[PDB]
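Down below is the structure, laid out as structure tokens.
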Amino acid sequence: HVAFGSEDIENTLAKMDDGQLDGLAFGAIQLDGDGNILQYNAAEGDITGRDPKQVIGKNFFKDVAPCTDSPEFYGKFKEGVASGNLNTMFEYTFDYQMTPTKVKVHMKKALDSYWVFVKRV
Ligand SMILES: *C(=O)/C=C/c1ccc(O)cc1
């Protein structure tokens, strides 16, 4: 088990393959520094209606999740990629090609890549 917001979440998830990541209680996306989607788990698709196989390779901020292109989300992502120590938590609403859904988001650098964790609120 691993809880959303755990202090060493990136350690636990570093040791995980697809099945384990797909088993998480919360949405988990891994992005590269350009915002391209490396991994996208089953729990996230249950929040957003996206097929996890279909969004791998796409750009999260440009194409998949346009509502996240804002100082409040994308702005914080690039600040944390630049500053080297991404680790930030905030509320957000996801509303593109889905019913508007309130979530909380935790972005954290991976053990060169970057996690976006999501849970319904
Ligand atoms: C806003 O358009 C957000 C879209 C979105 C957020 C998270 C996802 O996993 C997919 C789309």
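First listed ligand is number 1; within each ligand, the first listed atom is number 1. FYI, the numbering just counts along the sequence from 1.
Of all atoms in ligand 1, numbered sequentially from 1 with element shown, those under 4.0 Å from a heavy atom of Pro66 are 2 (O). Distances below 4.0 Å separate heavy atoms of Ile29 from the following atoms of ligand 1: 9 (O). Atoms of ligand 1 lying under 4.0 Å from any heavy atom of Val64, numbered from 1 in the order shown and given with element: 10 (C), 11 (C). Each of the atoms 8 (C), 9 (O), 10 (C) of ligand 1 lies under 4.0 Å from some heavy atom of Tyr40. For ligand 1, the atoms lying closer than 4.0 Å to a non-hydrogen atom of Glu44 are 7 (C), 8 (C), 9 (O).
In this model, a donor atom of one side chain and an acceptor atom of the other lie less than 3.5 Å apart for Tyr40 and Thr48. For the 3.5 Å distance criterion, the side chains of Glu44 and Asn41 fail to qualify, holding no donor opposite an acceptor.
The residue from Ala65, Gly45, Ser70 that puts a heavy atom closest to atom 4 (C) of ligand 1 is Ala65.
Remark: the backbone N or O of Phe4 is not paired with any side-chain donor or acceptor of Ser6 at under 3.5 angstrom.
Distances between N or O atoms of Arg50 and those of ligand 1 include no value under 3.5 Å.
Taking the side-chain contact (heavy atoms from CB on, under 4.5 Å) definition, one finds that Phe61 meets it with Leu31, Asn59, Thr68, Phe73, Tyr74, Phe77, sequence neighbours left out.
For the pair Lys119/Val105, no side-chain contact is recorded, criterion being any heavy-atom separation below 4.5 Å from C-beta on.
From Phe60, atom CZ reaches atom CD of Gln30 across 13.5 Å, with rounding to the nearest 0.5 Å.
Annotation: atom 2 (O) of ligand 1 to nearest protein heavy atom, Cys67 SG, 2.6 Å.
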